[PDB]
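Here's the structure we're looking at; comments come further down.
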Amino acid sequence: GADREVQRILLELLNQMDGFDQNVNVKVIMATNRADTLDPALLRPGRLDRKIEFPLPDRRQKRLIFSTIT
Amino acid sequence: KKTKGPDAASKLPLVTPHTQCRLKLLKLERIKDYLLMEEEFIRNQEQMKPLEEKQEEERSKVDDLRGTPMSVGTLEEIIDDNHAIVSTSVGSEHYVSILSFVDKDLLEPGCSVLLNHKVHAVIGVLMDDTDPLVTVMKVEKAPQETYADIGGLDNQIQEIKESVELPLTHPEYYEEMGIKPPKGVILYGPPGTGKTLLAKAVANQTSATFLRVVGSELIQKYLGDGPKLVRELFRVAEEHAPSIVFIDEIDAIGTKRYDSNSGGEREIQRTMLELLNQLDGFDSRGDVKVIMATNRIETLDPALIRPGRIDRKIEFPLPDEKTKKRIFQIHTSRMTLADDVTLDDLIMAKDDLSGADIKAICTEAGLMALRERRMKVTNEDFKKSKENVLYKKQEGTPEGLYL
Amino acid sequence: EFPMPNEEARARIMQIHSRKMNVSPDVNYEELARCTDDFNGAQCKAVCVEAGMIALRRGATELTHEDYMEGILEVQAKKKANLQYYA
Amino acid sequence: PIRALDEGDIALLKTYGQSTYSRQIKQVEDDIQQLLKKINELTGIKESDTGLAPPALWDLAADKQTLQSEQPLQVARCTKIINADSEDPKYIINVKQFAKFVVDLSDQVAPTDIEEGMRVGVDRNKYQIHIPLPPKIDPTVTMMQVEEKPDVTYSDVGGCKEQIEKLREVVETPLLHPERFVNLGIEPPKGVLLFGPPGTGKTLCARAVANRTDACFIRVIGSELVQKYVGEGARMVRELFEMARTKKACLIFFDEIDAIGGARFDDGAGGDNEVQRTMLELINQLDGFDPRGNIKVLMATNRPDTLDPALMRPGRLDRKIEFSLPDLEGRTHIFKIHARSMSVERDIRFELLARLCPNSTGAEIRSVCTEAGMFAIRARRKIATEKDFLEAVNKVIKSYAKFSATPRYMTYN
Amino acid sequence: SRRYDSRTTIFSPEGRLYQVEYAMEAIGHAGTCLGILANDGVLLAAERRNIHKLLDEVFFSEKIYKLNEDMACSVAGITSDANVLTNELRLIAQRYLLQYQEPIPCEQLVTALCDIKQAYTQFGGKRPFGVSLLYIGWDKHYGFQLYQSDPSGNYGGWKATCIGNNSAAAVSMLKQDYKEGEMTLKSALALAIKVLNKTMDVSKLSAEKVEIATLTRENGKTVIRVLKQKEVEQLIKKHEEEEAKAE
Amino acid sequence: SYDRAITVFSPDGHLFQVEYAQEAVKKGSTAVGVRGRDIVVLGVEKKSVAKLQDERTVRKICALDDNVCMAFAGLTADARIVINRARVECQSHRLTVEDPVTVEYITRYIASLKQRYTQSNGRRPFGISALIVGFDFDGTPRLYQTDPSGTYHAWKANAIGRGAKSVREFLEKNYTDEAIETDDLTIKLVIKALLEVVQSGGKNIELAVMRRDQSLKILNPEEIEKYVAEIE
Amino acid sequence: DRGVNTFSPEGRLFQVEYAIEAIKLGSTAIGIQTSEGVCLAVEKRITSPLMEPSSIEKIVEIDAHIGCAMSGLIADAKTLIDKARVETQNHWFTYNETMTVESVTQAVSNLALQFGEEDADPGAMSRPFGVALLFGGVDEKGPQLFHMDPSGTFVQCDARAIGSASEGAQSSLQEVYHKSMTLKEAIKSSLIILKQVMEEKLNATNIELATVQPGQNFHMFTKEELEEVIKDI
Amino acid sequence: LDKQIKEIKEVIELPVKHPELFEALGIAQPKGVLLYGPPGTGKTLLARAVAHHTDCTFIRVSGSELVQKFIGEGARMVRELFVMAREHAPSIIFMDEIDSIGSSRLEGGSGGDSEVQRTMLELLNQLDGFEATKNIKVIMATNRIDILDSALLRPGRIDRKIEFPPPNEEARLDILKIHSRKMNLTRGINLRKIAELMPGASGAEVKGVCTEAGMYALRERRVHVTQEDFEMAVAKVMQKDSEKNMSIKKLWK
Ligand SMILES: Nc1ncnc2c1ncn2[C@@H]1O[C@H](COP(=O)(O)OP(=O)(O)OP(=O)(O)O)[C@@H](O)[C@H]1O
Ligand SMILES: Nc1ncnc2c1ncn2[C@@H]1O[C@H](COP(=O)(O)OP(=O)(O)OP(=O)(O)O)[C@@H](O)[C@H]1O
Ligand SMILES: Nc1ncnc2c1ncn2[C@@H]1O[C@H](COP(=O)(O)OP(=O)(O)OP(=O)(O)O)[C@@H](O)[C@H]1O
Ligand SMILES: [Mg+2]
Ligand SMILES: [Mg+2]
């Protein structure tokens with residue numbers, strides 16, 4: 001108890017994202033380092049769908065970033 | 001006056017045979033006949049007896065003197081015979097004159113007092129200020145059940161009958177020894193084992209003014225309104241004649257007290273304290289008897305369960321063998337069972353089978369019957385219900401640990 | 001800061017809230033202070049009046065050191081009963 | 001393979017079954033249901049508009065005299081006076097919740113009859129002053145006096161002699177005989193808080209005192225001490241103590257003070273805020289830079305551990321009294337007291353039931369004496385017997401409603 | 001010190017050994033081991049949980065350990081806990097051989113180990129052996145046999161059983177489709193493969209994630225073998241064809 | 001060497017760990033033993049045959065000696081251990097006293113073993129209650145019950161484990177010299193008692209019988225079925 | 001937490017206090033010392049009619065002149081009885097005499113409270129014995145009656161009752177006992193008090209009675225004798 | 001799901017559209033239906049279906065919506081809900097994920113949630129209490145059937161408990177067809193293999209394989225998804241994290 005509250009928040013998020021409302025118009029973007037530790041309900045389709053990898057920069061990436069920042 | 005306002009019900013003296021039969025037809029016809037007779041007579045005598053010289057000119061005078069939109073206000077320290085102080089809903093202390101129509105008696109401090117709108121003047125007394133949130137807890141359409149509907153709970157029914165019915169049925173039996181009749185029984189037991197059924201049974205043959213509560217509706221959001229709704233409830237109970245108040249699901253306002261840190265879990269504690277104080281404290285308690293139902297008797301704060309406030313703790317258990325067959329008989333009657341669906345078999349097997357389970361098996365059994373297009377239940381229609389009603393339950397020890 | 005009466009503060013308070021009784025000179029206020037620890041001030045006024053209360057209850061004229069001691073045991077609600085074991 | 005149900009299927013199902021007179025039965029039942037509504041509608045709830053004195057006892061005056069009462073005698077509004085400018089007829093008043101004002105004194109009332117702090121009858125329209133109003137005595141505050149004598153004497157409070165003597169030493173003697181407390185000059189302890197397990201007579205002794213208080217015994221209905229609007233509770237307690245300091249030897253009982261008192265904290269919603277404020281006002285009144293006087297406080301609780309320290313310390317409550325479970329003699333006396341009105345056989349040994357009811361309380365002793373003749377009423381006798389009482393004990397306490405230790409459990413011999 | 005003590009061997013308020021039943025929960029997650037007793041031999045089949053392109057193939061098995069010339073067992077739990085018990089079993093068997101100059105009966109060997117397991121549950125303050133074993137063997141007293149044990153130190157003989165992940169599903173299938181007293185070794189292998197197929201929900205039997213051993217008496221001498229890849233694959237092909245024929 | 005005080009008094013005068021072990025004895029199976037005029041019978045209600053389990057290795061009745069046997073109800077592993085210690089002691093007494101052990105003596109030893117496990121350091125109370133029957137040298141039949149508490153007693157009959165009290169009440173009202181008049185009546189007496197607890201009957205209760213001279217005998221399923229039919 | 005050897009704010013051991021409390025649960029036992037001898041009685045408290053009342057032995061013999069009555073954890077009483085018997089025989093073997101009642105009790109008491117947890121022994125006792133022994137016997141000093149509480153405290157007493165009815169059994173013993181009482185008078189008075197405290201009607205099957213006299217050895221009354229006394233009592 | 005749909009219809013349709021039949025059979029009308037389910041395999045779609053096909057008067061309640069900070073406001077809302085339902089004749093309430101006002105009663109004190117417990121109690125009483133609600137039916141859907149309380153799952157409040165299983169292969173083919181009948185499939189798009197390529201799917205991942213396929217199609221600004229497109233979509237959708245550091249996996253073995 002009092003730790004069930006995080007569960008309540010997650011459940012409300014799941015309901016709003018895909019529940020008996022089908023908002024349709026609104027999109028949702030979430031960011032969280034590490035995705036292995038997540039609820040499968042919030043990871044399945046019909047919810048946050050496309051998982052985008054944001055890797056540590058490669059050799060080419062470093063060059064482009066250094067150019068654009070200096 | 002202490003009016004013993006009954007449930008204002010029982011308009012169905014109860015048709016004796018339940019099997020569709022001309023006996024049923026004739027009896028219900030007699031019922032309708034008397035009802036129509038009553039309607040006719042009342043209408044006819046209302047129309048006849050030309051007392052049209054009514055209104056008792058004088059009462060018309062009184063109504064004339066007490067204008068339109070009269071206001072409800074709280075009487076206060078009464079100053080003089082022909083003068084008193086009133087407090088309107090805004091809490092403004094006007095100084096009004098008690099007119100002659102008001103009986104100088106019955107007007108005590110704190111009694112809601114009617115007023116004239118323009119010139120604040122005590123015009124009449126009001127003896128019905130029951131909180132509109134409390135009057136909604138008086139049962140006025142008695143639930144349709146009888147002690148015979150419930151089965152297999154003899155010992156556990158006689159105990160309630162000896163503290164909700166007999167004490168007002170033959171009270172000489174009690175005084176002859178001088179023992180004060182037991183007041184307040186807590187019906188604790190596992191889920192779906194009666195409890196509410198016995199409550200409704202005792203409601204039926206009430207002979208009293210049953211008050212129903214919820215166990216959560218008492219809790220209120222305004223500091224103090226909690227420990228005043230209960231006060232109003234029991235004030236109404238004692239004002240009305242012998243009554244039994246069923247505080248169902250007392251597990252809600254009953255949690256063992258603790259040195260808390262929140263505010264809500266202190267207001268609830270204050271509510272329980274009000275309950276305790278009034279049920280057994282400096283005061284008394286007339287013919288008011290309290291029935292409490294709970295699923296967990298171990299959680300109730302020791303206090304609300306004490307042998308001076310809640311005696312005769314009944315122990316409604318999971319139904320036993322014979323009681324199971326009795327309940328099946330009582331809950332399978334009004335169905336056209338086949339000749340090979342004797343229930344003497346579905347009993348046994350699982351050691352966990354409650355009355356709610358039994359009624360579910362009996363209902364999802366007829367529903368199963370209405371799937372092969374038949375209206376006579378079948379043994380397969382019953383053996384296919386144990387696998388569809390009783391499921392999802394937890395299990396026990398791993399075989400091998402013991403035999 | 002008003003820290004709890006250590007032991008000499010306790011003795012002095014016991015004396016101060018007294019001297020309106022027929023107290024006998026034979027009372028080791030230091031030993032009383034030793035016995036009474038964590039007693040927050042007015043807890044004396046309590047104890048150093050309950051002493052006289054008990055003295056009156058018994059039927060007597062003068063306060064006694066054991067009277068003070070019984071008052072001390074009393075002011076904590078504790079009760080002294082001769083136990084059946086000491087071995 | 002569960003094919004649905006077709007409309008024709010339902011139609012046939014509704015008509016293949018024994019209903020010789022069943023359509024009529026349902027129709028007549030519906031007619032009865034619709035007829036009850038008509039009957040009650042036409043005999044609805046009336047004759048409930050009471051509040052009318054019988055214009056027969058004063059029937060003669062119950063007439064135009066009333067109108068004469070109306071019209072003249074303008075209805076005034078209550079209000080206090082915060083100043084009265086000397087030699088200047090102007091006054092300043094604070095009505096109550098509306099606002100303040102400057103008022104002139106009506107000619108009908110001499111200025112001397114009107115003072116500072118008294119309640120004036122200001123009129124509407126132009127706020128002028130008229131017949132002054134006597135000091136208020138609030139209804140909630142005045143509805144607390146015992147004004148009766150509950151039917152419980154000290155004798156019936158059995159099983160505890162030391163406790164009763166302790167209580168008497170502070171609640172009765174220090175007021176009914178000041179002599180003993182002067183010869184020694186011992187300040188009578190004031191403030192007795194009663195502990196005890198749930199149900200031991202803590203309220204029984206409080207009631208017993210009321211039968212010989214020979215003074216006011218205001219009973220604090222703690223639930224009333226808390227109200228919605230802030231400051232209401234503090235004012236309630238202040239008026240309580242102010243009426244306290246108006247008579248001789250007033251005793252004020254705070255039954256179940258756990259409701260109003262509790263450890264302070266600012267974590268959860270700042271604590272109760274208002275409730276804690278009322279508790280603080282009570283503490284200040286009990287002890288502070290304003291000597292109380294001749295008012296004593298008795299309070300009872302089930303758990304003293306949950307009381308605010310500033311209230312458990314001496315000064316506010318001196319004579320703490322344990323109310324422990326009765327001893328053997330206590331139990332015997334308690335049984336005797338709650339058995340003297342029972343049709344019990346003479347040969348009953350009550351010294352044995354006492355042993356057979358260990359660690360029980362007074363409420364349990366009652367629930368055993370009762371529910372003892374209840375088995376006799378079940379057997380339809382008239383004089384209960386020792387066997388009946390013993391069965392009652394075994395069915396009430398010790399084993400009460402749950403006896404798990406039974407199957408081959410005889411290890412204590 | 002009292003404060004840091006764990007109190008592993010103490011009774012739960014309702015009459016239960018928490019560390020014991022818990023230790024059984026740990027055994028629910030282990031690799032699936034399936035043993036079937038036939039009229040001619042006994043067989044153990046174990047789901048090979050470890051399968052990776054880099055693990056090398058070492059030893060004659062990874063879960064099937066030989067105890068005597070006429071015994072073998074499979075484990076399901078912690079190898080560190082399992083390796084301790086396997087070593088003790090071999091010592092117990094050889095100690096009996098030294099004393100009596102006759103191979104230890106299967107029932108007695110199981111009882112000896114089960115006696116050790118009970119001890120850890122009673123005293124010492126040490127955590128229970130969270131390992132469950134299936135023993136197969138032959139002896140002159142009762143012929144072919146199959147036994148099971150649990151961290152509770154309790155054991156029982158069976159004609160076919162499984163332990164580990166999806167045990168319940170296997171025993172159900174085994175209970176339904178086991179022919180007591182008329183099952184040859186081949187049918188036992190076929191039943192094992194079928195039970196293994198459904199039990200591994202993850203993927204299907206590739207003939208590598210399964211290791212099978214069979215105990216048989218040949219020329220008066222007990223023979224313990226671990227089926228090679230060729231026959232394991234051959235069995236798998238045979239089962240697949242049978243499934244197709246049914247459908 | 002772990003030497004912590006596992007079982008230690010608690011307010012109001014009780015030993016928790018002893019109580020808790022007692023419930024563990026309750027949750028077990030139901031076992032019933034009766035002392036006849038010249039026969040002592042034990043029975044047990046089997047939770048589940050399981051249709052695969054080999055009934056040989058799940059015997060819950062065993063012989064401590066040629067003239068002593070027992071039945072238990074509780075943790076199996078605790079039961080197997082206790083039986084081994086009793087068996088070795090029986091041989092040791094035979095070695096020294098040169099006479100067969102007595103039911104009273106072995107009961108005292110087993111009881112003394114349990115008593116040493118509650119009070120000891122770093123140990124757990126044995127989770128079994130044992131019913132010991134046997135014929136002493138004089139021939140008088142004997143029946144003894146031992147609880148985990150170490151207390152042992154002599155009975156005409158009693159029942160342990162799940163469904164104990166109800167069965168015992170059945171035994172109390174139905175036990176008589178007439179019921180103990182004949183060996184068959186004793187055996188049927190047992191079965192009805194178990195049937196008071198077990199449901200299936202005939203196939204769910206294992207029965208054993210000990211006579212004055214003959215050693216322990218386990219009734220065959222056919223014999224149990226025959227007796228059940230006779231009762232019906 | 002709260003080791004067995006712990007001190008309360010009053011200086012009271014927790015375990016010793018609890019153990020003494022457990023005594024109350026046990027059945028009643030009455031022991032009266034008289035110049036003619038020492039008598040013991042007890043309540044058997046039969047749990048169920050099936051149980052054989054012969055196997056509930058509440059009065060045992062330590063030697064030919066020493067007897068004991070028990071109450072409390074009867075399982076705990078067993079080890080205490082065994083130590084007493086061994087000590088008695090060891091004393092006879094070495095000194096060729098009979099140990100006095102006080103000496104035996106002192107030996108038994110020295111066993112009570114010899115418990116610990118750390119650095120005590122491989123299998124030492126952890127907790128205190130919850131049983132109250134009434135030692136009675138005849139020595140060179142004449143009849144002797146010693147009561148022992150769980151605290152290891154033994155103190156000769158003229159008449160005492162232990163058990164659930166101790167409070168009130170003692171009270172009755174107070175009103176009747178006197179120095180010149182004879183053995184028969186002690187036996188009857190003991191039987192009455194046991195009858196009063198015993199809920200169930202007192203008969204010959206539910207009470208164990210024994211006596212030790214200067215002439216005779218320890219004697220446990222048989223059913224025939226027990227019936228005779230209760231017939232008049 | 002077709003058996004499940006029929007089962008739910010027998011409790012939300014039959015006893016409300018054809019009342020007399022139940023009385024004629026002499027049985028008590030059912031009330032209540034709880035739907036289990038793996039992460040996502042239905043629910044909240046049969047819910048909309050029953051809302052969109054039945055002219056009763058659907059009344060929604062989310063999970064964390066009856067929870068109100070002020071004490072008691074979390075029960076007055078439920079009482080008002082049921083009063084409104086009774087005022088609105090045939091009605092059905094689909095309590096969505098209901099672990100929120102649910103779970104199992106915790107021992108009280110300052111060591112757990114209590115006000116949510118009181119709301120659960122109020123709902124329980126109003127579902128089956130002193131008054132027998134008539135013509136009101138409740139639908140409750142919530143994962144983790146094993147965490148609910150022993151009361152809300154007592155046969156008599158939640159009568160029949162539909163079990164939603166993860167789709168079989170035959171059902172997965174149906175799901176793919178139903179959620180693909182708006183996409184221009186090419187010639188040779190063998191849905192059978194594409195369905196059998198998804199073992200133990202969720203029935204919502206089917207609409208990841210049938211949507212990320214079109215998302216692939218968008219990249220080539222074309223239409224006519226192809227079989228390689230669907231295969232890539234399945235490989236891109238059904239990628240569970242798995243495990244690493246075989247030491248932990250090598251811990252049970
Ligand atoms: N022994 C019984 N005989 C007849 N009906 C029974 C019996 N036990 C249960 N029932 C039926 O079970 C149904 C479920 O409601 P019931 O009043 O029994 O629940 P309850 O025990 O009050 O439940 P709760 O634990 O939720 O308060 C009732 O309609 C009642 O008629
Ligand atoms: N020692 C006693 N002697 C006689 N009667 C007693 C004794 N103790 C309790 N009672 C009886 O117990 C009954 C119930 O007591 P009651 O619950 O009103 O008060 P209380 O024990 O102070 O408890 P509470 O904590 O609820 O205030 C009283 O009517 C009283 O007669
Ligand atoms: N059989 C099916 N056919 C088609 N679509 C389906 C099927 N089953 C589920 N879906 C899809 O599932 C999606 C909704 O997910 P779901 O029904 O599992 O929600 P939910 O029950 O609220 O789940 P959760 O348990 O995660 O809260 C919809 O996009 C719907 O198309
Ligand atoms: Mg109600
Ligand atoms: Mg009180």
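Naming works like this for the structure tokens: A, B, ... for the chains as they're shown, residue 1 at the start of each chain, ligands 1 onward in shown order.
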
Task: Selection as a PyMOL selection string: residues within 8 Å of ligand 2 by only C-alpha atoms and all ligand atoms - done: (chain B and resi 276-277+280-282+303+306+308-309) or (chain D and resi 152+156-160+196-206+255-256+300-302+326+330-331+333-335+337-338+361-366)

Open item on the list: Applying 8 Å and only C-alpha atoms, which residues near segment 217-230 of chain E remain after dropping the ones on its own chain fewer than 4 positions away? List them as a list in words.
Closed with: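 Contacts, with the query itself left out: residues 40, 41, 60, 61, 69, 70, 71, 72, 138, 207, 208, 211, 212, 213 and 234 of chain E.
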
Open item on the list: Taking only segment 277-364 of chain B into account, list the residues labelled alpha helix (DSSP H) by DSSP (computed from the backbone), as a PyMOL selection string.
Closed with: chain B and resi 277-279+321-332+355-364

- [ ] Give me, please, the distance in Å between atom CA of residue 86 of chain H and atom CA of residue 59 of chain H, quoted to one decimal.
- [x] 11.7 Å

Task: Environment of ligand 1 within 6 Å, counting only C-alpha atoms and all ligand atoms, reported as an MDAnalysis selection string - done: (chainID B and resid 150:152 191:197 295 327 355:356) or (chainID H and resid 156)

Task: Site check for ligand 4: residues at most 7 Å away, only C-alpha atoms and all ligand atoms, as a ChimeraX atom specification - done: /B:212-214,246-248 /H:129-130

Task: Selection near residue 183 of chain E, 12 Å with only C-alpha atoms, sequence-local residues under 6 positions removed, as a ChimeraX atom specification - done: /E:36-42,159-160,177,189-192

How would the residues just picked look written out with N, CA and C atoms as a CSV table (one decimal), in the first residue's frame?
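Here's the written file selection.csv:
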```csv
chain,number,residue,atom,x,y,z
E,36,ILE,N,10.0,-41.7,-17.3
E,36,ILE,CA,9.0,-42.7,-17.5
E,36,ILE,C,9.5,-44.1,-17.3
E,37,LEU,N,8.7,-44.9,-16.6
E,37,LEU,CA,9.1,-46.2,-16.3
E,37,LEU,C,8.4,-47.2,-17.3
E,38,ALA,N,9.2,-48.0,-18.0
E,38,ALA,CA,8.7,-48.9,-19.0
E,38,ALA,C,8.9,-50.3,-18.4
E,39,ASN,N,8.2,-51.3,-19.2
E,39,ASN,CA,8.3,-52.7,-18.7
E,39,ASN,C,9.7,-53.3,-18.9
E,40,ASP,N,10.5,-52.6,-19.7
E,40,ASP,CA,11.8,-53.2,-20.1
E,40,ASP,C,12.9,-52.3,-19.6
E,41,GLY,N,12.7,-51.0,-19.5
E,41,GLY,CA,13.7,-50.1,-19.0
E,41,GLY,C,13.0,-48.8,-18.4
E,42,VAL,N,13.9,-47.9,-18.1
E,42,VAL,CA,13.5,-46.6,-17.6
E,42,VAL,C,14.2,-45.5,-18.4
E,159,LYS,N,5.6,-44.3,-11.7
E,159,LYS,CA,5.7,-45.0,-12.9
E,159,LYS,C,6.0,-44.0,-14.1
E,160,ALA,N,5.7,-42.8,-13.9
E,160,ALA,CA,6.2,-41.7,-14.8
E,160,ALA,C,5.9,-40.4,-14.2
E,177,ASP,N,-2.4,-40.2,-20.7
E,177,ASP,CA,-1.9,-41.0,-21.8
E,177,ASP,C,-0.8,-42.0,-21.4
E,189,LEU,N,9.6,-43.7,-24.9
E,189,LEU,CA,10.3,-42.7,-25.6
E,189,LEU,C,9.3,-41.8,-26.4
E,190,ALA,N,8.4,-42.4,-27.1
E,190,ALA,CA,7.4,-41.7,-27.9
E,190,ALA,C,6.6,-40.8,-27.0
E,191,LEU,N,6.1,-41.3,-25.9
E,191,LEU,CA,5.3,-40.5,-24.9
E,191,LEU,C,6.2,-39.4,-24.4
E,192,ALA,N,7.4,-39.6,-24.1
E,192,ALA,CA,8.3,-38.6,-23.6
E,192,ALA,C,8.4,-37.4,-24.6
```

Open item on the list: Which residues are near residue 109 of chain E? Cut-off 9 Å, only C-alpha atoms, ignore same chain within fewer than 3 positions. Put them as a list in words.
Closed with: residues 89, 92, 93, 96, 104, 105, 106, 112, 113 and 114 of chain E

Open item on the list: Report as a PyMOL selection string all protein, DNA and RNA residues lying within 8 Å of residue 85 of chain B, evaluated on only C-alpha atoms, omitting residues in the same chain fewer than 3 positions from it.
Closed with: chain B and resi 75-79+93-96

Store the residues of this selection in a file with C-alpha atoms, as a PDB file, in the first residue's frame.
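Contents of result_0.pdb, freshly written:
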```pdb
ATOM      1  CA  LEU B  75     -34.486  28.642  17.920  1.00  0.00           C
ATOM      2  CA  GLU B  76     -32.066  29.989  20.496  1.00  0.00           C
ATOM      3  CA  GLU B  77     -31.991  31.242  24.072  1.00  0.00           C
ATOM      4  CA  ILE B  78     -35.627  32.067  24.743  1.00  0.00           C
ATOM      5  CA  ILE B  79     -35.867  35.470  26.400  1.00  0.00           C
ATOM      6  CA  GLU B  93     -29.342  36.315  15.505  1.00  0.00           C
ATOM      7  CA  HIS B  94     -32.649  38.050  14.947  1.00  0.00           C
ATOM      8  CA  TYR B  95     -34.883  38.803  17.925  1.00  0.00           C
ATOM      9  CA  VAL B  96     -38.395  37.716  17.037  1.00  0.00           C
TER      10      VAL B  96
END
```

Open item on the list: I'd like the interatomic distance between atom CA of residue 222 of chain F and atom CA of residue 202 of chain F, to a tenth of an Å.
Closed with: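 About the pair atom CA of residue 222 of chain F and atom CA of residue 202 of chain F: they are 8.8 Å apart.
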
Please, which residues of chain F lie no more than 6 Å from chain E when the count uses only C-alpha atoms, and can they be set out as a tab-separated table (two decimals) with N, CA and C atoms, in the first residue's frame?
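The result, written out as part-v6.tsv:
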```tsv
chain	number	residue	atom	x	y	z
F	2	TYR	N	25.34	-23.63	15.11
F	2	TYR	CA	24.20	-22.77	15.38
F	2	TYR	C	23.55	-23.15	16.70
F	20	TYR	N	2.31	-24.06	16.78
F	20	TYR	CA	2.39	-24.06	15.32
F	20	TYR	C	2.64	-25.46	14.79
F	21	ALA	N	3.56	-26.20	15.41
F	21	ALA	CA	3.81	-27.57	14.99
F	21	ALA	C	2.54	-28.41	15.10
F	23	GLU	N	-0.62	-27.49	14.63
F	23	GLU	CA	-1.45	-27.28	13.45
F	23	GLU	C	-0.89	-28.04	12.26
F	24	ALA	N	0.43	-27.99	12.08
F	24	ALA	CA	1.05	-28.78	11.01
F	24	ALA	C	0.65	-30.24	11.13
F	52	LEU	N	-0.60	-43.00	-10.69
F	52	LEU	CA	0.76	-43.23	-11.18
F	52	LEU	C	1.66	-43.59	-10.01
F	53	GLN	N	1.43	-42.94	-8.87
F	53	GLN	CA	2.23	-43.20	-7.69
F	53	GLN	C	2.23	-44.68	-7.37
F	54	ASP	N	3.42	-45.21	-7.08
F	54	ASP	CA	3.54	-46.59	-6.62
F	54	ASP	C	3.17	-46.62	-5.15
F	57	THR	N	5.78	-47.20	-1.77
F	57	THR	CA	6.71	-46.29	-1.12
F	57	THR	C	6.02	-45.18	-0.35
F	77	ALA	N	8.70	-36.15	6.11
F	77	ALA	CA	10.12	-36.29	6.37
F	77	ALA	C	10.40	-36.35	7.86
F	122	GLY	N	18.82	-24.27	18.48
F	122	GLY	CA	19.03	-24.40	17.05
F	122	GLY	C	18.32	-25.57	16.41
F	123	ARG	N	17.07	-25.83	16.81
F	123	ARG	CA	16.33	-26.98	16.33
F	123	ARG	C	14.88	-26.59	16.15
F	124	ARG	N	14.15	-27.41	15.38
F	124	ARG	CA	12.74	-27.18	15.13
F	124	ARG	C	11.89	-28.31	15.71
```

TODO: Please measure the separation of atom CA of residue 61 of chain D and atom CA of residue 132 of chain D, giving the value in Å to one decimal.
DONE: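 Between atom CA of residue 61 of chain D and atom CA of residue 132 of chain D the gap is 27.6 Å.
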
Task: Nearby residues (only C-alpha atoms) at most 10 Å from residue 13 of chain C, same-chain spacing under 6 positions excluded, as a VMD selection string - done: chain C and resid 5 7 33 41 to 45 48

Open item on the list: I'd like the neighbourhood of residue 62 of chain F as a VMD selection string, where a residue qualifies if any of its atoms comes within 12 Å (using only C-alpha atoms), though same-chain residues fewer than 4 positions away should be ignored.
Closed with: chain F and resid 42 to 43 56 to 58 66 to 72 79 to 80 82 to 84 86 to 87 130 to 134 207 to 210 215 to 218
